[PDB]
Amino acid sequence: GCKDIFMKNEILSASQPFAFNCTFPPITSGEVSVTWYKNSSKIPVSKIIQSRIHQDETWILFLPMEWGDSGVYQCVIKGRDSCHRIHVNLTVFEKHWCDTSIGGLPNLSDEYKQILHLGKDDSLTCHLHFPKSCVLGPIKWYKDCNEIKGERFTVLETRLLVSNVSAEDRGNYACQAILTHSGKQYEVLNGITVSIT
Amino acid sequence: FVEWXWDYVXXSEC
Amino acid sequence: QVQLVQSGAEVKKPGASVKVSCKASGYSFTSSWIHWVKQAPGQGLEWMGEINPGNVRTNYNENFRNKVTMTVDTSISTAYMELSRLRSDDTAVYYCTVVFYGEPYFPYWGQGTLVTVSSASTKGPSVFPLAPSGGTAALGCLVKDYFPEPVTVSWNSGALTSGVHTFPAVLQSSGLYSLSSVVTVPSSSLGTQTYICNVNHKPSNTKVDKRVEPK
Amino acid sequence: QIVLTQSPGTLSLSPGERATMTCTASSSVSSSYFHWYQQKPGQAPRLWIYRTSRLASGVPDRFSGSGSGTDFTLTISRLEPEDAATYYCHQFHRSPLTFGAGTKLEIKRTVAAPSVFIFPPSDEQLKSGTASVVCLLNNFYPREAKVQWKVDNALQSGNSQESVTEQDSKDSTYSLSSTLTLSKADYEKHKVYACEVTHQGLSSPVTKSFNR
Ligand SMILES: *[C@@H]1O[C@H](CO)[C@@H](O[C@@H]2O[C@H](CO)[C@@H](O[C@@H]3O[C@H](CO[C@H]4O[C@H](CO)[C@@H](O)[C@H](O[C@@H]5O[C@H](CO)[C@@H](O)[C@H](O)[C@H]5NC(C)=O)[C@@H]4O)[C@@H](O)[C@H](O[C@H]4O[C@H](CO)[C@@H](O)[C@H](O)[C@@H]4O)[C@@H]3O)[C@H](O)[C@H]2NC(C)=O)[C@H](O)[C@H]1NC(C)=O
Ligand SMILES: *[C@@H]1O[C@H](CO)[C@@H](O[C@@H]2O[C@H](CO)[C@@H](O)[C@H](O)[C@H]2NC(C)=O)[C@H](O)[C@H]1NC(C)=O
Ligand SMILES: *[C@@H]1O[C@H](CO)[C@@H](O)[C@H](O)[C@H]1NC(C)=O
Ligand code: NA
């Protein structure tokens, strides 16, 4: 009845607000229905906005993601006579790099790794993906756990503009923002490791 | 099989 | 290449403080946590704590709270571990190690720093030859009456390593250490080669180059 | 605190045999946070196996790591003399970081008799008022040896100390130094200084001697 597709890459998140969108082009383009499940092909995730883990539009939202949430989730995509079930491994880690090095990011998945081209005007991104109901407040950026304060760096909402990339620009970057969902405020901090090409 | 990214997805036959 | 260079061995009297250094290179110093690990003689490894040089934030093992204090000088890429109210239980080789983002393990370590806690006074060693006398001949250096540990013994400025046995130091009746370092060389090389043991006792700045000749 | 219970404490095996050491955690450790280190005497611990089963730089294929949750294992399929070291498991999941007490791996080999050398005190030392007579037992196996001192055929006691090296990384042998400490006055009183060595590799005890 439904074609099983296995996602080869694991998605990692800190124990804080997290959202993953069921965007799998070309299958999710056009008139299709999307249903999120939590390690089941029969019982879906809750649709109650007040649930800690719930389906918000095409997204699975964790407010917040916490220890015990790691596992396999399923996005069932149904079109006009067509069914696909994506098995997605979402994994939570407990701590942030600037607080402690223990129990943090277990591996450098693609999302936590970015590159800056030496001598070029380049940019970094947050990897802060949330549905429209999660309004992101002012975004602050850090380099090696200290707020960025340099002529070549410019915060531009969810992007960090970097002028004339130098070799000293290698290091860990992070972006922090206040997330506002249903009148409640939560904090989100996302890190990245940047290497200079 | 899929390899998922924010701006794109890598599909292969399974 | 990523490298961690620690300060040399120290002897401190009980109640004193000590500060151990760990100068890093091969990577961006401010991007990684520096950890310190204790190894008391003959024992296993104990985690002491960690310091982030970027925000100077520290996390200590509850067992070392108010015994260990960690510090950084990012201008010279150096991490410092300070121990206070020293006691013989603090005598250990201390190592610094580094952790990188997304790689939660210790891939690089310093050479170690032996901190000896003792009321006994420092004393430089006296180096004496162990003179050789069919097939293979043996010669050596007797590094006697030193405190504290360690002593490094090289041969022919490091050019001679094959056949070298530097023995673990023994604490003599007197309370001072004695160590022997030996090397076996072909008997035919006794006349053709010169043998010098290079003893180094960094706590007392003692450097001795002793010629070992057959009598 | 996550306790890591490592077993066995010590392991004695011949080259070519399988070495197996287990580590048990009090609470579950994720595969990414469980590691093994190799430590040789007078050296810092070296990363050996990381993330439960990956081999660190320079680690031979004869080593492998396995395990999940609370039970982990380090296996050496075909022992080599170079494997003589202490191995420690480690968890990076919860504070404080902990290590197992260790597994010391000893390498067995054929019996090899020691090469015995005797050394009289240097004339420079005799000026200080003390005399050290050194007996060296070189490259032997097993480590169990009996060193006796005799001054003019009279057996000595209480005036000597021994030190033995760690197992040689290449040939698995031990070396031992025995040092007889005498005052200058007591050394000048006698003439024959002998060192008698007993070992399984020696059919009869070996005596090395000199005349003052
Ligand atoms: C989070 O994830 C969700 C998915 O889970 C993302 O939502 C999807 O967003 C995409 C892009 O915005 C959206 O796709 C659009 O669908 C429109 C509706 O398509 C249907 O109706 C059309 C008539 O009104 C019809 O033409 C379509 O048919 C398609 O084409 C031919 C007909 O010509 C068919 O034969 C064919 O079978 C079919 N193929 C397809 C669609 O692949 C279809 O029946 C569609 O009109 C849109 O196209 C216009 O806009 C595009 C720009 O976005 C242009 O490129 C086009 O040229 C068109 O002008 C578009 O394809 C999809 O429906 C959403 N899915 C769900 C579920 O909501 C969401 O964006 C993600 N958010 C993130 C990542 O932030
Ligand atoms: C997603 O998670 C599942 C469940 O943990 C992973 O599958 C397991 O993989 C191990 C290791 O080979 C097997 O021994 C188990 O039998 C598997 N279990 C199941 C239910 O398949 C899977 O590998 C993960 N995928 C990714 C991309 O990380
Ligand atoms: C970019 O930086 C280099 C030094 O890092 C400098 O020589 C060069 O002129 C800079 N480019 C601009 C446009 O300022
Ligand atoms: Na104490």
Side-chain angles (χ1 to χ4, degrees), chain A residues 9-14 91-116 118 124 127 141-148 150 153 162 165-167 169-176 189-197, chain C residues 2-4 22 24-38 45-55 57-65 68-79 81 95-110:
Chain A
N9 59 317
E10 168 184 57
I11 304 298
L12 305 157
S13 177
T91 295
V92 71
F93 60 90
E94 316 162 83
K95 300 290 202 299
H96 287 108
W97 193 246
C98 299
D99 293 330
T100 182
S101 70
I102 307 173
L105 179 64
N107 37 268
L108 281 172
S109 68
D110 288 41
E111 204 172 26
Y112 291 87
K113 233 155 47 178
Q114 279 176 54
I115 46 102
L116 286 180
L118 185 83
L124 300 171
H127 66 82
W141 278 86
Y142 302 87
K143 167 59 178 313
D144 292 346
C145 302
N146 231 277
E147 206 190 341
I148 294 172
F153 297 85
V162 183
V165 170
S166 89
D169 295 345
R170 61 163 174 186
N172 302 327
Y173 286 80
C175 64
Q176 186 199 247
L189 175 74
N190 275 349
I192 57 169
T193 209
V194 174
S195 66
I196 314 311
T197 66
Chain C
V2 173
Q3 270 149 22
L4 300 181
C22 175
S25 61
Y27 73 96
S28 172
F29 185 66
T30 51
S31 68
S32 312
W33 290 78
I34 294 296
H35 295 237
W36 289 90
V37 171
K38 175 177 176 179
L45 307 167
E46 305 172 48
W47 178 80
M48 302 186 74
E50 54 168 1
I51 178 159
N52 183 312
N55 59 7
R57 181 177 166 130
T58 58
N59 293 298
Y60 306 122
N61 182 332
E62 195 60 33
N63 195 53
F64 291 99
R65 199 195 211 256
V68 71
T69 302
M70 283 165 202
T71 266
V72 303
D73 190 344
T74 69
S75 66
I76 58 172
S77 311
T78 310
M81 166 206 78
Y95 299 96
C96 67
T97 186
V98 62
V99 196
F100 293 101
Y101 188 55
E103 298 177 347
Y105 47 88
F106 295 141
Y108 307 100
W109 296 68

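Every heavy atom of this structure was used, including side-chain atoms; hydrogens, water molecules and symmetry mates were not. In what follows, every chain begins at residue 1, and chains take the letters A, B, ... in the order their sequences are listed.
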To the nearest 0.5 Å, tell me how far [X] [atom1] sits from [Y] [atom2].
{"X": "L105(A)", "Y": "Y101(C)", "atom1": "CG", "atom2": "OH", "answer": "4.5 Å"}
{"X": "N59(C)", "Y": "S101(A)", "atom1": "CG", "atom2": "OG", "answer": "8.0 Å"}
{"X": "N52(C)", "Y": "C145(A)", "atom1": "CG", "atom2": "SG", "answer": "4.0 Å"}

Pairs of heavy atoms under 4.5 Å with chain C: top-ranked of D99(A), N107(A), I192(A), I102(A): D99(A)

Side-chain donor/acceptor of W97(A) to backbone N/O of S31(C), under 3.5 Å: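 Yes: the side chain of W97(A) pairs with the backbone of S31(C).
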
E50(C) (side chain) donor-acceptor with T100(A) (main chain) under 3.5 angstrom: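 No, because the side chain of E50(C) does not come within donor-acceptor range (under 3.5 Å) of the backbone of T100(A).
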
Under 4.5 Å from any heavy atom of chain A - which part of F100(C):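 Answer is backbone: N, CA, C or O of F100(C) sit under 4.5 Å from chain A.
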
